[PDB]
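Here the sequence shown stands for residues 5 to 444, where the numbers follow PDB author numbering.
For each residue, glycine too, the CB sits at the ideal point set by N, CA and C.
I have placed the structure first, in the form of structure tokens, so that the comments after it can refer back to it.
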Amino acid sequence: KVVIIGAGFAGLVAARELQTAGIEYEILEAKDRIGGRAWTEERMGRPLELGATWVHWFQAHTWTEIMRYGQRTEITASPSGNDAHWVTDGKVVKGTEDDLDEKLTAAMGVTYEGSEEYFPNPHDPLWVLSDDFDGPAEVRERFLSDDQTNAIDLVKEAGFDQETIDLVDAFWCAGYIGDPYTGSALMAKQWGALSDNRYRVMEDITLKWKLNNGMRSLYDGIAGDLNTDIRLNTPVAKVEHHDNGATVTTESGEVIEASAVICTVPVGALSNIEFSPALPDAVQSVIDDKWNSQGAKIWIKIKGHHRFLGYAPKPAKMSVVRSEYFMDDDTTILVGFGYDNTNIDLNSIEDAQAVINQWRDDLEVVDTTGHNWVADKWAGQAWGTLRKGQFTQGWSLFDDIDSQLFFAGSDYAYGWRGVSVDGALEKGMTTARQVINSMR
Ligand SMILES: Cc1cc2nc3c(=O)[nH]c(=O)nc-3n(C[C@H](O)[C@H](O)[C@H](O)COP(=O)(O)OP(=O)(O)OC[C@H]3O[C@@H](n4cnc5c(N)ncnc54)[C@H](O)[C@@H]3O)c2cc1C
Ligand SMILES: NCCc1ccc(O)c(O)c1
């Protein structure tokens with residue numbers, strides 16, 4: 005009787021949690037596939053992650069699933085010690101990956117500033133605004149001010165030179181997967197807090213360890229535990245929600261009565277669903293504005309074996325590009341993150357060559373691929389990231405619903421919110437507990 009909308013990680017783990025509690029559920033998924041914004045698929049001669057890729061044992065929810073489904077030793081680190089290239093004042097500078105990481109490390113010290121005062125428990129991100137806050141008034145003032153400041157301006161205001169500004173510009177075009185200048189610096193500070201306030205840990209957690217058997221070994225594992233078949237090709241068109249239950253209408257017009265609805269549809273796709281009554285004004289403002297995830301992820305194949313790292317600031321097609329696989333036919337597959345899905349065609353060899361040409365003139369693209377999540381009706385974004393003001397008046401507002409409609413998904417997590425499968429597994433599970441506790 006609980007209707008779960010979406011068979012991504014949040015919906016899958018919510019279903020398994022309800023099953024443990026003996027609560028009847030049904031998952032309605034719009035696509036002909038499960039996994040959502042995690043999607044492992046054979047492309048260009050090997051399995052590639054069209055979305056979620058990296059994991060770490062400091063991510064509690066992701067790591068427990070890795071252990072559960074047999075993947076404990078099935079992780080491999082991305083290539084390191086690459087030849088680094090970065091664009092700063094319209095020119096390419098070359099150095100070692102260590103050289104680049106040293107410059108980023110110094111910049112992150114200033115970027116994280118305040119995280120120890122804001123986030124003593126890094127899983128209580130809004131503690132500063134709670135009745136339990138006991139620090140000085142100036143800490144709350146700076147906290148609210150930091151929600152209206154982007155992460156690049158912090159580095160500018162600290163007097164770093166143009167090279168470091170261009171490096172963090174590139175870095176946060178990837179990290180905010182969108183225009184970093186519209187973003188909330190509090191997101192970066194909480195990443196620091198969850199990473200022991202050290203750049204190397206933050207990169208170890210978010211950009212190092214890959215699953216040999218893909219995210220699909222995890223989402224297929226969870227679905228394999230479910231005793232109720234997932235209803236694929238069943239998009240939800242309408243949710244009527246009240247204090248004692250809900251009514252869901254599918255695209256085909258099927259009406260399904262529910263004791264509760266767990267909605268995992270991301271903000272970028274919520275406009276496909278009619279809500280009755282309308283969602284609160286403050287939540288609608290977030291949906292209208294959207295998150296700060298307008299960017300895109302590409303996979304590029306070049307001739308030869310090349311250990312390559314490239315950084316480029318806005319408005320480049322791609323801001324962070326790195327070698328990921330050395331193939332048996334003398335080619336290299338690289339990953340890339342960009343700030344603007346509309347400035348690159350992920351499947352155009354000419355655009356992929358333009359990306360590589362940002363740094364080198366001697367590397368030849370032979371293949372390219374990707375899925376433009378922002379142009380995907382059922383996503384409408386990449387990973388969720390925060391605009392100015394959305395740390396304190398954004399993701400947490402989706403919990404302020406009186407009815408039996410519950411919003412779950414990575415974008416509303418307390419921890420590795422938006423950016424990580426960890427946040428989807430966190431919030432899917434805890435939202436199921438909200439439903440369980442209410443029924444108990
Ligand atoms: C490019 C990219 C790279 C990423 N890389 C990483 C990484 O390296 N590491 C990491 O930990 N995380 C990564 N992530 C984040 C991770 O993919 C997400 O945090 C997580 O997968 C989101 O899960 P979810 O269940 O909250 O949402 P989703 O996966 O979006 O699930 C929502 C589901 O609802 C379905 N749906 C939508 N609308 C409807 C409707 N009307 N009716 C029915 N069903 C509907 C969708 O098809 C989808 O299956 C990445 C994300 C992107 C976009
Ligand atoms: N999977 C992307 C997560 C990510 C992307 C870019 C960054 O610069 C970063 O620290 C983290």
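Residue i - containing alpha helix (DSSP H), residue span
i           : result
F175        : 166-179
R437        : 425-443
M206        : 203-210
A64         : 64-72
residue 449 : With the chain represented from 5 up to 444, any question about residue 449 goes unanswered, as that position is not in the structure.
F147        : 141-150
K318        : Counting along the chain, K318 falls outside any alpha helix (DSSP H), and DSSP gives it neither H nor E.
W195        : 189-198
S289        : 285-293
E161        : 155-161
Proximity test, residue i beta-carbon vs ligand 2 heavy atom, cut-off 8 Å
i    : result
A81  : no
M48  : no
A178 : yes
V143 : no
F13  : no
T210 : yes
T434 : no
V423 : yes
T57  : yes
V324 : yes
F395 : no
Minimum C-alpha distance to residue i - residue among the options
i    : options                : result
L401 : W387, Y418, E69        : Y418
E354 : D233, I306, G99        : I306
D371 : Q298, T253, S352, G388 : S352
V287 : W399, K160, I181       : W399
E45  : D233, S275, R220, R421 : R220
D138 : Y122, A178, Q152       : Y122
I70  : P126, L108, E117, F13  : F13
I181 : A436, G94, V324, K381  : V324
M112 : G85, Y73, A162, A141   : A162
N231 : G432, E21, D103, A316  : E21
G85  : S327, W420, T373, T434 : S327
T77  : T68, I260, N216, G225  : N216
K35  : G249, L236, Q357, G26  : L236
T57  : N248, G39, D365, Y116  : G39
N347 : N376, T335, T336       : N376
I302 : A178, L409, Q408, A262 : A178
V143 : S119, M433, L158       : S119
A192 : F410, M433, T389       : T389
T210 : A356, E167, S424       : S424
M433 : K5, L16, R41, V7       : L16
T435 : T268, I337, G374, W382 : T268
Whole-angstrom C-beta distance between residue j and residue i, which should lie under 8 Å
i    : j    : result
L313 : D87  : 7 Å
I277 : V243 : 6 Å
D165 : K318 : Not quite, the Cβ-Cβ distance comes to about 18 Å (not below 8 Å), so this is no contact.
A300 : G272 : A300 to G272, Cβ: 13 Å. No contact.
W295 : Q362 : Between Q362 and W295 the Cβ distance is about 26 Å, and since that is not below 8 Å, they are no contact.
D406 : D247 : 6 Å
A19  : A412 : No, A19 and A412 are not in contact; Cβ-Cβ is about 11 Å, not under 8 Å.
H245 : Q408 : 6 Å
Closer than 8 Å: residue i CB and nearest ligand 1 heavy atom
i    : result
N276 : yes
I291 : no
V259 : no
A273 : yes
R41  : yes
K35  : yes
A412 : yes
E53  : yes
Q385 : yes
Enclosing beta strand (DSSP E) for residue i [first to last residue]
i    : result
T109 : Here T109 belongs to no beta strand (DSSP E); instead the alpha helix (DSSP H) covers 101-116.
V91  : 87-91
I260 : 259-262
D128 : Run containing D128: none; DSSP gives neither H nor E here.
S327 : 324-331
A358 : Counting along the chain, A358 falls outside any beta strand (DSSP E), though it belongs to the alpha helix (DSSP H) covering 353-360.
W303 : 300-307
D371 : 369-373
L409 : 409-411
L390 : No beta strand (DSSP E) contains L390, which DSSP labels as neither H nor E.
Any non-hydrogen atom of ligand 3 closer than 8 Å to residue i Cβ
i  : result
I9 : Absence of ligand 3 from the depicted structure is noted, with ligand 1 and ligand 2 being the only ligands included.
Unbroken stretches of the beta strand (DSSP E), 3 residues or longer, contained in the stretch 10-48: 29-32, 44-47
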